Protein chains: 2
Amino acid sequence: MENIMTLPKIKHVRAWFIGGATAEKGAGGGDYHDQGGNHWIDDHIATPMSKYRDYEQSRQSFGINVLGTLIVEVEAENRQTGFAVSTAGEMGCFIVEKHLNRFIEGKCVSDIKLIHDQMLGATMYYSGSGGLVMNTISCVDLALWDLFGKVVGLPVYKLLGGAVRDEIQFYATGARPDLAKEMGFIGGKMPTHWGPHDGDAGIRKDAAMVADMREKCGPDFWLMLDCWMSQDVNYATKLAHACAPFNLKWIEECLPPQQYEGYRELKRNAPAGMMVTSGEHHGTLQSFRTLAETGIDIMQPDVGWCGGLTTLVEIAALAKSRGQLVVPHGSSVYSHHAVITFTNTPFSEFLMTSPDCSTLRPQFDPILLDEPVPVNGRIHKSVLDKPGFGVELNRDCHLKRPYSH
Amino acid sequence: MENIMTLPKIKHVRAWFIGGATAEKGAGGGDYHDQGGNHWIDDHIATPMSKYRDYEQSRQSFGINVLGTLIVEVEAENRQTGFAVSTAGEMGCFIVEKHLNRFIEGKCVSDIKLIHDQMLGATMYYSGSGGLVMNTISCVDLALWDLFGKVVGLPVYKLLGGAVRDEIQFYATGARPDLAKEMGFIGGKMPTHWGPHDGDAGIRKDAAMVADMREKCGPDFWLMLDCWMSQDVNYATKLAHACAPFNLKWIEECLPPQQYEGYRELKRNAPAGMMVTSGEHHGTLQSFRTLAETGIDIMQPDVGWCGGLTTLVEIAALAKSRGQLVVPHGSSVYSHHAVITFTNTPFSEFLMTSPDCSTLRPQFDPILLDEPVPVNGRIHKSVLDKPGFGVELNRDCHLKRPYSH
Ligand SMILES: [Mg+2]
Ligand SMILES: [Mg+2]
């Protein structure tokens, strides 16, 4: 047998940020919510805060955009680099530059699972099993998979064991599922605009929105509702049944992430055939074990928030063992390379960054160079035939380096 | 009827930090683990990372001290101030100065619960239901109660409904239960030094440690083991049974926080009469509802990490409704003013900050001025008869202000 391919050790790990409270508002990039004005993503979307007068109209108003984008780049001894982006910004930089770097630098580019376990174990006392800290860990994990793939000379999806489908089909998230159908997507997930404090009126309004789109889009085009942790079991139940006549495919994240018991009850009260989903805000494999056992149909971890690709692959296995499906939240290429290899992820999500959901603005525009976008609502595997996650970092953005070591 | 007392509005909220990766290592204060060398609290304590040779001997080596102390001060328009400290440091300052301030400033000093709900709601998307972000929220909540109490001119314990006992009795956490007994404490909790990877030898060594202290302390002085999230169900079960002959009162935090199912199984497997506890790393009332339902005997939230006093009071009610006890983790005065009013908190914890557990070094030395300490292992209620939480900020410490607004 021939000697194996030689691998360089990791020399440096650096972190930068754009957008957020300490940079330029509306920088976009990794933080899906760091947008400008008049964006659908900030137009009266129901949240745990919309019950408050001052925070009902805009999520930006309560600070859904304060973190911004975290960018993590790992440089190997041979000068090759790998990178990834997520939501964490400046604080994420502190965590990477002042803590996690000790487990990263000096390791082989292939020591990905090891670095991952050490990051999880070393931050367990302050990570809260999700959120900001987990987004940061996820970003490092992704940058490591990117570097490894680029060093080896292969797309992440091939390293994982190959594609199980020639193309990825997408459903689009935004306020215009009708426009989305035009573009070739297989469905449209709309956000709810009213919550529990609005009562029966709120239910009629969002349900009427679903009815209208069903009329506009036809019966074969999927329709879903994203509730962004804004409801309670009773309201979610009433909304689900009110939308049942229009064949709503699923009702997503009705409750805050900790309310597992509530998800179990909501799922059992759901209209026959209608799915209940959640997961984008959960983190760590164990949390998904608890979520999976509530009986919900589909878990939706965000690859950059759940713990990274390493964790995502484990969650997929968890779901498959129960004969269920896993459909990641956004994530662009970080999801593509993963889900294209999952037999239990028959479709993916494309979150409209376009202010009016009329064009195919890239998922992480503009931080990612050469970022692929659905063509006729799909991305063929050949589009991913590039090293690592196949993209480069847009240094034209005004990246900031708040910390160093 | 007389006119109610005049209450000022909150004008400014400010955040500072000491210690941590960006300041002086070993600053102490809010971060119990930000200590110097030769400290019992860093002496081969078992952790989720001690299975790694490089991180077995010292928790500081894996970064248990990177955060340091967060200090939050709220100033009212009548120039009075209220403050609190916690573990979060520089990042905590970012969250307070760049996000939470919008919900704090302009409110009445009595709008504590309102500000609390808004902080939880606006950070739900990145808080992870615990850890760093929750620690920050908790610090703000405590600063608000401190200010409200100082404005009203009453100790927090009286505002809460009065003391239900004349004195708080403490058990001491550290390597010297024997010295703790001489000091007047009612019990001594020791940290385990070995983990699952150590197998039967590990169990024998820590069980021998307990046996030794049982011989030195007598049968009525309580003995407990703290496992700091370092085990799995099987190892914890074996250790518990190995210590049963010495009447170990309880075995604490054997598992990482997300492992509720494991806690349920561990409690079921525990020796008759021996208690299983956890909770210091959990956050939000909902997580405690889930934790409570696993059947563990005592939940141990840290007032500065669980969500604050506002949240601690709710957890106490939750436990009380189940006929169970709540014994907070450390917290000094922030716990004292609350627990002295809880019928179901018969005793409290004093975590040794003295390097060798031989003296009564203040719980949060040296950030808190006039910080009370147990006398004969107790703190009489009269010691708490000062406004708010009864202490002042030690400005002699080199406080840093990384952000402003
Ligand atoms: Mg969603
Ligand atoms: Mg403990």
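Residues numbered from 1 in each chain as written, not as in the entry; some residues may be left out. Chains lettered and ligands numbered in written order. Heavy atoms only, no water.

Novice: Pulling in residues and values, what's your account of the overall build of chain A?
Specialist: Broken down by element type, chain A carries 12 helices and 14 strands. A compact globule built from 405 residues would reach a C-alpha radius of gyration of about 22 Å, and chain A, at 20 Å, matches this within 12%. Projected onto its principal axes, the C-alpha coordinates of chain A cover approximately 65 × 45 × 40 Å. Counting all 405 residues of chain A, 65% fall into the buried class. Expressed as a percentage of contacts within chain A between residues at least 6 apart in sequence, the contacts between residues at least 24 apart total 72%. If you average the places of the 37 positive and of the 47 negative side-chain charges in chain A, the two averages end up 3 Å apart. (Helix = DSSP H or I, 4+ residues; strand = E, 2+ residues; numbered from the N terminus. Rg over C-alpha atoms; globule rule 2.2 N^0.38 Å. Buried < 20%, exposed > 50% of the residue type's maximum accessible area, 1.4 Å probe, protein only. Contact = heavy atoms within 4.5 Å. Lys, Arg positive; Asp, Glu negative; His and termini not counted. Charge placed at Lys NZ, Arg CZ, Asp CG, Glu CD.)

Novice: Mind laying out the domain arrangement of chain A, listing which residues take part and the relevant values?
Specialist: Interfaces are frequently sized by the accessible area removed from exposure as the parts join. All names here are of chain A. The domains assigned to chain A are domain 1 (1-153 + 395-405) and domain 2 (154-394). Placing a centre on the C-alpha atoms of domain 1 and another on those of domain 2 gives a separation of 21 Å. Between domain 1 and domain 2, the buried area comes to about 4,100 Å², and carbon and sulfur atoms account for 65% of it. It is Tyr 32, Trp 40 and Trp 145 that lose the most area in domain 1 upon contact with domain 2, and together they represent 20% of the buried surface on that side. If you look at where domain 1 meets domain 2, you find 0 salt bridges. (Domains from an automatic or database assignment. Buried area = accessible area lost by both parts, 1.4 Å probe. Salt bridge = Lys/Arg side-chain N within 4 Å of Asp/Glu carboxyl O.)

Novice: Explain the packing of helix α2 (residues 89-104) of chain A against helix α2 (residues 89-104) of chain B to me, and be specific about the residues and the numbers.
Specialist: For the pair α2(A) and α2(B), interaxial distance at closest approach is 10 Å and the crossing angle is 175°. Here α2(B) runs roughly antiparallel to α2(A), going by the angle between their axes. Between α2(A) and α2(B), the contacting residues are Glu90(A), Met91(A), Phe94(A) and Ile95(A) on the first element and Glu90(B), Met91(B), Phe94(B) and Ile95(B) on the second. Class assignment for the residues of the contact of α2(A) with α2(B) results in 6 nonpolar, no polar and 2 charged. (Axes fitted to C-alpha atoms, helices over the stretch in contact; angles between N-to-C directions. Parallel < 35°, antiparallel > 145°, perpendicular 65-115°, else oblique. Nonpolar A, V, L, I, M, F, W, Y, C, P; charged D, E, K, R; others polar.)

Novice: Give me the lowdown on the coordination of the magnesium ion (ligand 2), citing residues and values where you can.
Specialist: Residue and element names in this part refer to chain B. Those donors, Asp 226 (OD), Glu 252 (OE) and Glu 280 (OE), are the protein atoms that reach the magnesium ion (ligand 2), and they lie 2.0 to 2.2 Å from it. When the donors of the magnesium ion (ligand 2) are listed by position in the chain, the intervening gaps give D-x25-E-x27-E. Taken as a pair, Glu 252 in strand β7 (residues 250-252) and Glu 280 in the loop between β8 (275-278) and α10 (285-292) lie far apart in primary sequence, 28 residues in all. The pair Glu 252 / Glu 280 is uniform in exposure class, with both members buried. (Donors = N, O, S within 2.8 Å, 3.2 Å for Na, K, Ca; no water.)

Novice: How would you sum up the state of the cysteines? Please name residues and give values.
Specialist: In protein structure, a disulfide is the covalent linkage between the sulfur atoms of two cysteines. All names here are of chain B. A complete count under the given rule lists 0 disulfides over all chains for this structure. For the unlinked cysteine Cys 227, the closest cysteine sulfur is that of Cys 254, found at 3.9 Å. Not part of a disulfide, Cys 397 finds its nearest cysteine sulfur in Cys 93, a span of 14 Å. (Disulfide = S-S within 2.5 Å.)

Novice: Could you give an account of the nonpolar core, with specific residues and numbers?
Specialist: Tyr334(A), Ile367(A), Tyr334(B) and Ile367(B) are the most contacted members of the largest nonpolar core, which totals 257 residues. Ignoring sequence-local partners within four residues, the contact set of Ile367(B) consists of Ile18(B), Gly29(B), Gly30(B), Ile71(B), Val85(B), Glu392(B), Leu393(B), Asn394(B), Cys397(B) and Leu399(B). (Core = buried A, V, L, I, M, F, W, Y, C linked by side-chain atoms within 4.5 Å.)

Novice: Lay out the coordination of the magnesium ion (ligand 1) in plain terms, naming residues and giving numbers.
Specialist: For a metal bound by four donors in tetrahedral geometry, the ideal donor-metal-donor angle is 109.5 degrees, whereas six donors in octahedral geometry ideally sit at 90 or 180 degrees. All names here are of chain A. Looking at the magnesium ion (ligand 1), the protein donor atoms are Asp 226 (OD), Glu 252 (OE) and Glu 280 (OE), and they sit 2.0 Å from it. Sequence spacing of the donors to the magnesium ion (ligand 1): D-x25-E-x27-E. Linking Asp 226 in strand β6 (residues 222-226) with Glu 252 in strand β7 (residues 250-252), this pair joins segments that are 26 residues apart in sequence. On the accessibility criterion, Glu 252 (1% relative accessible area) is buried.

Novice: Any chance you could break down helix α4 (residues 132-152) of chain A for me, citing the residues and the numbers?
Specialist: Residue and element names in this part refer to chain A. Along its 21 residues, α4 runs 31 Å from first to last C-alpha, staying within 8% of the 30 Å computed at 1.5 Å per residue. Along α4, 20 of the 21 residues are buried, which leaves the element largely enclosed by surrounding structure. Positive backbone phi, approximately 95°, marks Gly 153, located one or two places after α4. (Expected span 1.5 Å × (residues − 1).)

Novice: Describe the environment of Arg176(A), listing the residues and the values that go with them.
Specialist: Residue and element names in this part refer to chain A. Positionally, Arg 176 belongs in the loop between β4 (167-173) and α6 (177-183). Judged by relative accessible area, which is 34%, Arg 176 ranks as partly exposed. Taking the C-alpha atoms as reference points, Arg 176 and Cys 139, 37 residues apart in sequence, are found 30 Å from one another. Setting aside residues no more than four positions away along its own chain, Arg 176 makes contact with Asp 356 and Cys 357. Engagement of the side chain of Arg 176 in a polar contact is seen with the side chain of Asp 178, the distance being 2.8 Å. (Polar contact = N/O pair within 3.5 Å; in protein donor to acceptor, adjacent residues only side chain to side chain.)

Novice: Any details on the UniProt feature "active site" in chain A? Residues and values, ideally.
Specialist: All names here are of chain A. If you check UniProt for "active site", the listed places come out as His 329 in our numbering. Relative to the helices and strands, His 329 resides in the loop between β10 (325-326) and α12 (333-339). Residues within four places of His 329 in sequence aside, it is in contact with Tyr 32, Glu 280, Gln 300, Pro 301, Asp 302, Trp 305, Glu 349 and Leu 351. (UniProt positions renumbered as here; feature names shortened; annotations may be inferred.)

Novice: Tell me about the interface of chain B and chain A, residues and numbers included.
Specialist: Opposite the 53 residues of chain B that make contact, chain A presents 53 residues. In this assembly, chain B packs against chain A so that about 4,500 Å² is buried in total across both faces, 63% of it on carbon and sulfur atoms. When the buried surface of chain B facing chain A is broken down by residue, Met124(B), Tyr125(B) and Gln258(B) rank first, second and third, together holding 16% of it. For the interface between chain B and chain A, the tally reads 4 salt bridges. Among the salt bridges present, the one from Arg289(A) reaches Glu261(B), with a minimum N-O distance of 3.7 Å. Within the residue set of the side of chain B that touches chain A, elements represented by two or more residues are α1 (59-62), α2, α3 (112-127), α4 (132-152) and α10 of chain B. Here the side of chain B that touches chain A takes 9 residues from α3(B), the largest share from any one element. In the side of chain B that touches chain A, the residues fall into 25 nonpolar, 20 polar and 8 charged.

Novice: Break down the sheet that holds strand β3 (residues 81-87) of chain B for me, citing the residues and quoting the values.
Specialist: Residues and elements named next belong to chain B. With antiparallel pairing, the 3 strands of this open sheet are ordered in space as β1-β2-β3. The open sheet has two edge strands, β1 (10-18) and β3, and neither has a second partner. Adjacent strand axes in the sheet meet at a mean angle of 15° when their direction is disregarded. Contacting β1, β2 (69-76) and β3, α2 crosses the sheet at an angle of about 170° to β1. Along the sheet, α4 contacts β1, β2 and β3; its crossing angle with β3, the most-contacted strand, is approximately 155°. (Pairing = 2+ DSSP bridges.)

Novice: Describe in detail the relation of the copies chain B and chain A, supporting the description with residues and values.
Specialist: Both copies of the chain are related by a screw-like operation: a rotation about an axis and a shift along it. Between the two copies, chain B and chain A, the superposition gives an RMSD of 0.1 Å; the rotation angle is 180° and the shift along the axis is 0.0 Å. Taken together, these values place the two copies in the relation of a two-fold axis. Scanning chain B for the C-alpha nearest the rotation axis identifies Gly128(B), at a separation of 2.5 Å. A share of 100% of interface residues in chain B that are also interface residues in chain A marks the association as one of identical surfaces. (Least-squares fit on C-alpha atoms.)

Novice: Before we move on, could you go through the sheet that holds strand β1 (residues 10-18) of chain A and cite the residues and values that matter?
Specialist: All names here are of chain A. Strands sit in the order β1-β2-β3 across an open sheet of 3 strands; the sheet is antiparallel. In this open sheet, the two edge strands, each paired with only one partner strand, are β1 and β3 (81-87). Ignoring which end each strand starts from, the neighbouring axes of this sheet average 15° apart. The pairing of β1 with strand β2 (residues 69-76) spans 8 bridges and is classified as antiparallel. Its bridge partner lying in β2, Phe 17 is registered against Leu 70. Helix-sheet contacts for α4 involve β1, β2 and β3, and the interaxial angle to β3 is about 155°.

Novice: Go over the pattern of salt bridges with me, naming the residues and quoting the values.
Specialist: Residues and elements named next belong to chain A. Per the stated rule, a full pass over the model turns up 41 salt bridges over all chains. Between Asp 365 and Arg 361 there is a salt bridge, with the nearest N and O atoms lying 2.8 Å from each other. Judged by its relative accessible area of 24%, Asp 365 is partly exposed. Where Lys 386 meets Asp 370, a salt bridge forms, and the shortest distance between an N and an O atom there is 2.6 Å. A residue pair is termed long-range when its members are at least 10 positions apart, and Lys 386 in the loop between β13 (378-380) and β14 (392-393) and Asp 370 in the loop between β12 (368-369) and β13 qualify at 16 residues. The class of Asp 370 is exposed, set by a relative accessible area of 57%. One network of salt bridges, in which partners are shared, links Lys 189, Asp 226, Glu 252 and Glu 349.

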